[PDB]
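To begin, one chain is listed below as structure tokens, in the form deposited in one PDB entry.
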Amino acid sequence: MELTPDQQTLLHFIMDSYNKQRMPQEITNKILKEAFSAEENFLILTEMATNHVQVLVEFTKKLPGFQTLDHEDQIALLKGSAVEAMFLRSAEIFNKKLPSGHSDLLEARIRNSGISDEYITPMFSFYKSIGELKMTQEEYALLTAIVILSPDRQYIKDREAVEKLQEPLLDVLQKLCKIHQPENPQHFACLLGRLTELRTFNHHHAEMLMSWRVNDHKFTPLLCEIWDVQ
């Protein structure tokens, strides 16, 4: 019932590629340092989000078997998951342990960053729900890989090929949820639960950026391609 040699291998490979990530401290210090204007925060968001896409493409190309997929499906999988992965990474960083009152300050600073009021509540409740699961670094890494490798995505021609790649990650995640958290047998199901709720941020992702309380909404060409902006 414990991780097979192949599953230990899959895991370590996923964890190393996921570790190529931007340092979470960098992000949270900057936000906690001073209270920036909605305009400075929009710019920080656009730069953080463009770099995120760049890092996501690299992590994705390294996902076992991703390179073997149809080129157009490769684009639809990345385009279909990029926003979700950014929200999942934002969720992770939100629940990263900080000194007393810092998490409350980080929350208040994000709350007054320039994002429209209509997006605030669903965004923070997802961040808190991820937190209530006290997810490990290997869970965030596997969940990101599972999110990218989702076959039930609009425009995927060969879903079965995507199913073949998502299944070993689902199996590894399940085993980790049973070996490392036997007190909560529902843990794997609850992680799969968060994934369905991650999909709710895609409906109005472009509007999240367009309603930012700034006079001008400038984006990078890469962001324009991933977000449905400009």
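A residue's number is simply how far along the shown sequence it sits, counting from 1. By rigid core we mean the largest C-alpha set that fits within 1.5 Å across both forms.
Below, we turn to the form deposited in another entry, even though it does not appear here.
Q: Can you tell which residue in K164, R199, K30, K62 has its CA shifted by 2 Å or more between the shown form and the other one when the core is superposed?
A: The displaced C-alpha is that of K30.
Q: Against the rigid core, is the Cα displacement of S113 between the shown form and the other one at least 2 Å?
A: Yes, because once the rigid core is superposed, the C-alpha of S113 moves 2 Å or more between the shown form and the other one.
Q: If you line up the core, does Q137 shift 2 angstroms or more at its C-alpha between the shown form and the other one?
A: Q137: C-alpha displaced by less than 2 Å between the shown form and the other one.
Q: Verify the C-alpha shift of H102 between the shown form and the other one: is it 2 Å or more after superposing the core?
A: Shift at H102: 2 Å or more after core fit.
Q: So the C-alpha spacing of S100 and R89 changes by 3 Å or more in that other deposited form; is that change toward closer or farther than shown?
A: Closer together, which means the C-alphas of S100 and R89 are at least 3 Å nearer in that other deposited form.
Q: Did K97 and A141 drift closer or farther in that other deposited form, going by a CA distance change of 3 angstroms or more?
A: Compared with this form, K97 and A141 lie closer in that other deposited form.
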